[PDB]
Structures are given as C-alpha cells and as structure tokens.
Colleague: 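To start, I am sharing the structure in question, which I have written as structure tokens.
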Amino acid sequence: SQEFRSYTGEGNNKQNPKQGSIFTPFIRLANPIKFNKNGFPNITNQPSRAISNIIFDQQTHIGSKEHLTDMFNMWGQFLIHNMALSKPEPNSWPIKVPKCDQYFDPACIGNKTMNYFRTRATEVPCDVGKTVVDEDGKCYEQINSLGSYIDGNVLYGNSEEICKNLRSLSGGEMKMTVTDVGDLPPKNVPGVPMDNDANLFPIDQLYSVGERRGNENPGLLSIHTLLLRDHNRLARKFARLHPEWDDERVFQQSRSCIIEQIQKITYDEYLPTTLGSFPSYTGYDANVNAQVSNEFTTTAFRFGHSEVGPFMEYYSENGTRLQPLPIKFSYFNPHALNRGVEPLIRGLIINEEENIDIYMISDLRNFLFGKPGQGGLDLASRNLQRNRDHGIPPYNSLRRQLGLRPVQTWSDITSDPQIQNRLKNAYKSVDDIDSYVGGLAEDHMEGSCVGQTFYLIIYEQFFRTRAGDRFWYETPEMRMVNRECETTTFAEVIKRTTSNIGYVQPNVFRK
Ligand code: HEM
Ligand SMILES: *[C@@H]1O[C@H](CO)[C@@H](O)[C@H](O)[C@H]1NC(C)=O
Ligand SMILES: *[C@@H]1O[C@H](CO)[C@@H](O)[C@H](O)[C@H]1NC(C)=O
Ligand SMILES: *[C@@H]1O[C@H](CO)[C@@H](O)[C@H](O)[C@H]1NC(C)=O
Ligand SMILES: *[C@@H]1O[C@H](CO)[C@@H](O)[C@H](O)[C@@H]1O
Ligand SMILES: [Ca+2]
Ligand SMILES: [Cl-]
Ligand code: NA
C-alpha cells in the first residue's frame with residue numbers, strides 16, 4: 001500500500017498535518033500594516049486606478065531585455081496556479097475611477113467604479129508570527145484557497161471527488177475530448193466548477209480542468225492539454241508494464257510522474273531563467289514550512305503581468321505566420337483551440353515576450369466590456385488594491401524587513417529618468433512607494449529578469465516549497481516510486497505530446 005500525496009496538501013508534514021494544506025493562512029516575511037479588514041484600508045497615497053494611469057500606462061512595445069518567450073510567462077502563470085489563490089469574499093472595496101477617466105468615466109461622472117472584493121481572511125493570534133493588530137483590535141491573515149505544494153492540483157483538482165470526476169476511471173487515464181486536431185481537455189464535467197470571469201462564452205463551452213481559472217487564456221490551456229496527453233501516455237505504458245495494477249494504481253503512478261515533471265521544469269529550467277541559477281536540492285527538512293508567503297503571491301511573483309505581450313501568435317505546420325490573436329480577445333475563449341494546440345505552441349516558443357518593468361499592456365490595464373464608460377477591469381489596479389488589501393508594507397519598509405538597505409532618493413531605484421519622473425508624479429516620497437511598483441522599477445539583477453527585491457522574495461519562497469515538501473521528486477524514497485517515469489525537459493515533453501510541431505529549441509523559455 002504505497003503512500004501517495006493527498007489532493008489538499010495536508011499530511012505532507014507529519015508533525016503539522018495541515019501545514020501547506022488548502023484554505024490556510026498565508027505566511028508573512030514582513031509585518032503587515034493595518035489594512036482594516038472589515039472596512040477599507042486607510043490609504044493616504046493616490047487610489048489604485050490613479051497609480052495605474054500614472055505609472056503602468058504603456059503606449060509602445062519595449063520587448064524583454066533578457067529575450068524571453070511568451071512560453072516563459074505561460075509557465076509562470078501555470079506555476080502560480082499550482083501554489084496560491086487569493087479567493088475573495090463578498091467583502092466589497094470597489095476600485096474608484098478618477099473623474100473623467102477616458103477608459104472608465106469619459107462623461108466625467110465622479111462615482112464610477114470597478115468591481116473589487118477583498119480576499120478571504122480569518123482571525124489569527126496576535127502573538128504568533130508576523131501580523132498586525134487590525135483597527136478593530138484583532139489580528140487577521142489572508143487565506144490561501146489552494147494547496148501550497150507543487151502537487152499537480154492544476155490537473156487533478158483539490159480533492160478526491162473533483163479528481164475522480166476529471167478522470168476516466170479506466171486504465172488510470174484522464175478524461176479527454178478527442179477531436180480532428182488531437183486530444184483536448186474534457187468539457188461539462190459535473191462537479192468541476194470552472195471560472196468564467198470575462199463571461200464572453202457560456203460555461204458549458206469552457207474546458208473542465210483541475211484549476212478554476214484554467215480557461216484564463218489559451219496558452220495556459222495548451223499547457224494543461226500537453227500534460228494531460230503526457231499523463232495518458234504514461235498511463236498506457238504502466239498499464240502494459242503492470243497489467244495487475246488496477247485503475248487507481250495506474251493513475252497514481254501517472255500522477256506522480258507528472259508532478260515530478262512539473263517540479264523539474266520549474267527548478268531546472270524556469271527558476272534558473274528567472275534568477276540566473278538556483279542551488280541544488282539539499283534534502284527534505286521537516287522543520288521548513290512550504291506555505292506560500294503573502295508577499296510572494298501578492299507582490300513579487302505578480303511581475304508576470306508586466307511581461308505579457310499584447311498578441312498571441314499562431315503558426316502552421318509549414319512555419320507560416322497566421323493572424324495573431326490579441327490578448328483582449330483570448331480571455332476565456334475556447335475557440336482559440338479550434339485548430340488544436342500546436343499553432344499556439346509554435347507561437348509561444350518563438351515569440352518574444354514583454355519586458356518586466358513598470359509598464360503593463362493595455363489589453364490587461366484597460367480591458368473593457370463594451371463602451372469606454374460602462375464596465376471593465378484593470379489588472380494593474382487590481383494588483384495595487386490587493387497589495388493594499390493585504391497590507392503589504394511600503395517599498396522601503398519591505399526592504400528593511402527583508403534585510404536590505406532602504407533607498408534614499410529616486411535615482412537609487414533606477415537611472416531611467418522617465419521611471420524617476422513617473423515615481424515623483426505618483427508618490428511624494430520614496431517611503432510612500434508601493435512595494436509592487438517599487439520592485440518593478442528596480443534594475444534587473446545580473447543574470448535575472450527581476451530586481452533585487454523581487455529576486456529575494458521569489459528565491460525565498462521556492463527554497464521552502466522544495467525543502468518543505470516531503471514528496472519532492474529528488475528525495476530517495478521518491479526516486480524509487482518514480483523509477484519508471486520519463487521526466488525530461490519541457491521542449492521534449494512538447495514533442496512527445498504534439499503532432500508535427502516543427503522545430504523546437506531545447507530551452508523554450510529563451511530567444
Ligand atoms: C490574464 C492574466 C495573465 C496573462 C494573460 C496573467 C499572467 C501572469 C503571469 C505570467 C504571472 C507570473 C509569472 C502571473 C502571476 C500572478 N497572477 Fe496573473 N495573469 C492574468 C490574470 C490574473 C488575475 C485577474 C489575477 C487576480 C487579480 C487580483 O489579484 O485581483 C491574477 C493573479 C496573479 C497572481 C496572484 C496569485 C493569487 O494569489 O491569486 C500571481 C502571482 N492574474 N500572472
Ligand atoms: C490613516 O493614516 C494616517 C497616517 O498614515 C493617520 O494619521 C490617520 O489617523 C489614519 N486614519 C485612520 C482612520 O486610521
Ligand atoms: C452616483 O450615483 C448615481 C449612480 O447611478 C448617480 O445618479 C449620481 O449622480 C452619482 N452621484 C454623484 C454624482 O454625486
Ligand atoms: C503551408 O504553407 C503555406 C505557405 O504560405 C500556407 O499558405 C498554408 O496555410 C500552410 N498549410 C499547412 C501548414 O497545412
Ligand atoms: C476564519 O477562521 C475560521 C476558523 O474558525 C475558518 O474556518 C474560516 O476560514 C474563517 O474564515
Ligand atoms: Ca512590462
Ligand atoms: Cl541604479
Ligand atoms: Na498545489
């Protein structure tokens with residue numbers, strides 16, 4: 001009776017069963033400032049949408065200075081969906097639109113807003129860890145509505161019941177939609193609630209995968225598809241190798257391989273690209289907590305929104321460039337896979353992404369439901385709100401609490417005058433800068449695509465989600481379990497799972 005991971009994350013740490021499990025408070029690297037959970041946070045800086053217009057506005061293409069690909073940030077978005085979800089409660093703190101905003105209030109009605117709901121929170125002890133006494137006299141911490149471990153929840157769901165509805169229960173395989181253009185994920189699966197944020201298409205047309213927001217964009221769904229194909233491929237092998245294994249055993253052995261495949265790409269390919277390198281595994285530490293930190297998911301790792309390019313490229317088998325799909329048209333759009341995943345994959349690995357800086361494309365920052373005065377969303381604003389919702393300390397306060405030296409003037413953050421000016425325009429002091437905008441404004445660390453601050457927060461998180469993981473693939477007991485897997489590089493998984501994909505570079509995150 002071999003022991004396999006749970007679907008929720010609990011049981012991973014023997015001494016602290018719930019450690020890292022779903023629906024548990026986030027960790028803090030730095031004390032939060034009072035965020036007044038039950039009301040609005042007391043913010044003296046400019047509102048989120050103002051900071052968005054002043055700092056994040058983008059009018060031209062910059063292009064990744066590190067020469068990274070769209071596939072790189074598709075994995076980043078795929079990676080975070082394995083780790084953290086800040087699920088909101090019906091606790092409304094709307095985003096105020098400045099009067100006369102050309103994108104959300106051209107008629108100059110100064111009461112226009114964008115929907116925002118504060119993250120689920122729970123009362124915590126005031127004399128434990130890094131918290132703060134809220135303005136109502138109690139201490140609160142935000143709740144991670146997802147397992148903190150990299151455990152394939154993106155494919156298999158967050159519980160037994162959801163998992164056994166996504167899988168065929170035959171040969172240990174996952175349900176799939178067989179089509180004229182390869183195998184695609186399933187649809188209309190009972191018990192698998194899928195997100196429809198943009199609400200362009202009816203939910204019965206969305207694909208049913210282990211992660212609610214899997215339909216967010218097609219490039220994300222494509223990654224889901226290939227790892228599902230690779231899963232059913234391994235299940236057929238284990239079925240032939242071990243005919244005595246029932247459906248449950250073939251599935252788990254296949255699930256175990258895919259989890260290892262996800263982990264290996266992250267720590268052998270993704271992180272060395274993000275941070276320039278990464279130390280080698282040093283063994284499981286039962287005293288390390290793998291739980292996600294509030295600053296990691298809220299602040300540091302949200303850099304990807306800066307790097308998303310405006311267009312999604314499509315290429316055919318013979319290498320011809322097809323009509324690019326603009327991001328704004330791809331939000332929760334299953335039609336993007338009508339011609340299979342191969343045309344997307346080709347575009348993702350060849351097309352260079354956007355630079356990680358203060359600028360965010362307008363597909364994300366100025367997305368509209370229709371006319372310029374009725375509805376829409378601003379991802380830059382949502383991030384600022386979330387940081388202020390969670391009580392992320394100011395830029396210089398965070399650095400101090402991370403063991404870094406605080407900045408003294410604007411030039412200490414960057415030499416680019418236009419960045420300096422936009423910071424002067426948005427904030428009157430460096431000690432008023434939001435950690436999110438400050439870390440983005442920093443110069444990239446040597447060999448990295450992020451600044452010193454974000455570098456430190458990201459490095460600190462992924463050290464723990466590896467060291468604190470009892471089922472980490474590099475541990476002796478897990479090399480034994482996964483002795484018949486076929487874990488390779490991401491580029492080779494693509495070839496294994498695609499039809500006539502064409503040329504694929506070894507590192508699909510670069511060039
Ligand atoms: C649409 C969105 C994306 C691309 C078209 C996109 C992309 C990324 C990348 C590439 C990331 C990291 C490398 C990344 C990180 C995180 N995102 Fe995320 N993202 C899109 C849309 C959203 C939306 C909407 C949210 C929630 C907005 C809000 O906070 O109100 C979002 C969140 C995050 C996030 C926080 C994780 C969490 O706890 O939910 C990241 C670390 N992304 N995105
Ligand atoms: C808001 O913060 C300012 C200082 O940042 C403080 O003077 C003021 O009293 C605070 N307001 C509330 C309602 O807490
Ligand atoms: C905002 O509230 C309603 C929105 O329907 C609007 O009629 C009203 O004029 C606005 N309030 C102002 C402008 O003070
Ligand atoms: C093959 O290449 C030609 C050349 O432009 C292109 O028009 C056609 O769509 C391609 N068809 C494929 C790859 O099936
Ligand atoms: C915070 O605390 C309770 C414990 O009583 C949790 O069950 C729940 O998540 C709430 O939001
Ligand atoms: Ca950018
Ligand atoms: Cl500098
Ligand atoms: Na997880």
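Atom set for the values below is all heavy atoms of this structure, side chains included, hydrogens, waters and symmetry mates excluded. Residue numbers run from 1 in the order of the sequence given.
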Colleague: Name the residue from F509, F303, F490 that meets the ring-ring contact (aromatic ring centres under 6.0 Å, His included) definition with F72.
Modeller: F509
Colleague: Would you mind checking if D197 and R213 are paired as a salt bridge, meaning a charged N to carboxylate O distance below 4.0 Å?
Modeller: no
Colleague: With sequence neighbours excluded, give me every ring-ring contact (aromatic ring centres under 6.0 Å, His included) pair touching residues 217-237.
Modeller: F78-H224, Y156-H231, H231-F251
Colleague: Can you name the residues that form a ring pair (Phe, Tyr, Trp, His ring centres under 6.0 Å) with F201, not counting sequence neighbours?
Modeller: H335
Colleague: Before we go on, tell me: are the rings of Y459 and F278 under 6.0 Å apart, centre to centre?
Modeller: yes
Colleague: Thinking salt bridges, do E260 and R479 make one under a 4.0 Å N-O criterion?
Modeller: no
Colleague: Could you check whether atom CD of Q505 has more than 12 heavy atoms from other residues, nucleotides or ligands sitting under 6.0 Å from it?
Modeller: yes
Colleague: Please answer whether the main-chain N or O of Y314 pairs with a side-chain N or O of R339 as donor and acceptor at a distance below 3.5 Å.
Modeller: no
Colleague: Under 3.5 Å, side chain of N153 to main-chain N/O of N158, donor-acceptor pair present?
Modeller: no
Colleague: Ignoring hydrogens and angles, tell me if any N or O in the side chain of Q142 forms a donor-acceptor pair with the backbone of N144 under 3.5 Å.
Modeller: no
Colleague: For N294 and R28, indicate whether the former's side chain and the latter's backbone hold a donor-acceptor pair under 3.5 Å.
Modeller: no
Colleague: So does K495 have more than 12 non-hydrogen atoms from other groups sitting under 6.0 Å from NZ?
Modeller: yes
Colleague: For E460 and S293, test the side chains for any donor-to-acceptor distance below 3.5 angstrom and give the result as yes or no.
Modeller: no
Colleague: Would you say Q263's side chain and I150's backbone share a donor-acceptor pair under 3.5 angstrom?
Modeller: yes
Colleague: If you measure only the distance, is there a donor-acceptor pair under 3.5 Å linking the side chains of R386 and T119?
Modeller: yes
Colleague: Looking only at the side chains, is there a donor atom on one of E307 and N73 sitting less than 3.5 Å from an acceptor on the other?
Modeller: no
Colleague: Crowded around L220 CG? As in, over 12 foreign heavy atoms under 6.0 Å?
Modeller: yes
Colleague: Going by the angle between their ring planes, with limits at 30° and 60°, are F296 and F462 parallel, tilted or perpendicular?
Modeller: perpendicular
Colleague: Is there side-chain contact between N333 and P218, with heavy atoms separated by less than 4.5 Å?
Modeller: no
Colleague: Does a donor on one side chain sit under 3.5 Å from an acceptor on the other, for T497 and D230?
Modeller: no
Colleague: Pair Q452, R399 - check side chain to side chain donor-acceptor pair (under 3.5 Å), show working.
Modeller: CA-CA 10 Å; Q452 185 192 43; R399 287 180 62 84; 3.0 Å; yes
Colleague: Have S6 and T8 got a donor and an acceptor in their side chains that come within less than 3.5 Å?
Modeller: yes
Colleague: Measure across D247 and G171 and return the closest heavy-atom pair with its distance rounded to 0.1 Å.
Modeller: OD1-N, 3.6 Å
Colleague: Only pairs at least two apart or in different chains count here, so list each disulfide bond (SG atoms under 2.5 Å apart) that has a residue in residues 277-308.
Modeller: none
Colleague: Would you tell me whether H81 and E216 have side-chain atoms, one donor and one acceptor, within less than 3.5 Å of each other?
Modeller: no
Colleague: Identify, with sequence neighbours excluded, every residue that meets side-chain contact (heavy atoms from CB on, under 4.5 Å) alongside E352.
Modeller: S64, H67
Colleague: How close do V209 and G214 get, counting heavy atoms only, and between which atoms?
Modeller: CG2-CA, 4.0 Å
Colleague: For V450, is there any backbone N or O sitting under 3.5 Å from a side-chain donor or acceptor partner on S448?
Modeller: no
Colleague: Taking atom CG of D180 as the centre, does the number of heavy atoms from other residues, nucleotides or ligands within less than 6.0 Å exceed 12?
Modeller: no
Colleague: I'd like to know if the side chain of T179 reaches the main chain of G182, judged simply by a donor and an acceptor atom lying under 3.5 Å from each other, with no hydrogens or angles considered.
Modeller: yes
Colleague: Could you tell me which non-hydrogen atom of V508 sits nearest to which non-hydrogen atom of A491, and how far apart they are?
Modeller: CG1-CB, 3.9 Å
Colleague: Under 3.5 Å, side chain of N215 to main-chain N/O of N196, donor-acceptor pair present?
Modeller: no
Colleague: We want to know whether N500 and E342 form a side-chain donor-acceptor pair, criterion being a heavy-atom distance below 3.5 angstrom.
Modeller: no
Colleague: Can you tell whether the side chains of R240 and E484 come within less than 4.0 Å, N to carboxylate O?
Modeller: no
Colleague: Using every non-hydrogen atom in the two residues, find where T414 and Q420 come nearest and quote the distance to one decimal.
Modeller: O-NE2, 2.9 Å
Colleague: Without swapping roles, check the side chain of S52 against the backbone of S48 for a donor-acceptor pair under 3.5 Å.
Modeller: no
Colleague: Could you walk me through whether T453 and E442 pass side chain to side chain donor-acceptor pair (under 3.5 Å), step by step?
Modeller: CA-CA 8 Å; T453 304; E442 294 178 355; 2.4 Å; yes
Colleague: So which atom in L184 and which in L337 form the shortest heavy-atom distance, rounded to 0.1 Å?
Modeller: CD1-O, 3.8 Å
Colleague: Report the residue from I223, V308, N217 that forms a side chain to side chain contact (heavy atoms under 4.5 Å, CB included) with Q77.
Modeller: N217
Colleague: So does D469 pair up with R5, basic N to acidic O under 4.0 Å?
Modeller: yes
Colleague: Are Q19 and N12 packed together at the side-chain level, in the sense that at least one heavy-atom pair is separated by less than 4.5 angstrom?
Modeller: no
Colleague: Can you confirm whether more than 12 heavy atoms, excluding those of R400, are under 6.0 Å from its CZ atom?
Modeller: yes
Colleague: What residues, two or more places apart in sequence or in another chain, satisfy ring pair (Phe, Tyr, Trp, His ring centres under 6.0 Å) together with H305?
Modeller: none
Colleague: Is there a donor-acceptor contact under 3.5 Å linking the side chains of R255 and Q252?
Modeller: yes
Colleague: Verify side-chain contact (heavy atoms from CB on, under 4.5 Å) between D434 and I392, making sure each step is shown before the conclusion.
Modeller: CA-CA 8 Å; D434 278 302; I392 297 294; over 6 Å; no
Colleague: May I ask you to decide if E269's main-chain N or O and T273's side chain share a donor-acceptor pair within less than 3.5 Å?
Modeller: yes
Colleague: Does the pair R236 and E173 meet the rule for a salt bridge (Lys or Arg N to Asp or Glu O under 4.0 Å), with working shown?
Modeller: CA-CA 8 Å; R236 291 149 187 163; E173 299 183 43; 3.2 Å; yes
Colleague: Tell me the closest heavy-atom pair linking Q291 and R464, and the distance in Å.
Modeller: O-NH1, 2.6 Å
Colleague: Decide if the gap between the ring center of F56 and the ring center of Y436 is smaller than 6.0 angstrom.
Modeller: yes
Colleague: Say you draw a straight line from CG of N53 to CG of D378; how long is it, rounded to the nearest 0.5 Å?
Modeller: 7.0 Å
Colleague: Suppose we call two aromatic rings close when their centres sit under 6.0 Å apart. Are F471 and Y284 close by that rule?
Modeller: no
Colleague: Going by disulfide bond (SG atoms under 2.5 Å apart), name the pairs with one or both residues in residues 450-511, residues two or more places apart or in two chains.
Modeller: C257-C485
Colleague: Taking 4.0 angstrom as the limit, do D412 and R405 come out as a salt bridge?
Modeller: no
Colleague: Around atom CD of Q59, are there more than 12 heavy atoms of other residues, nucleotides or ligands at under 6.0 Å?
Modeller: no
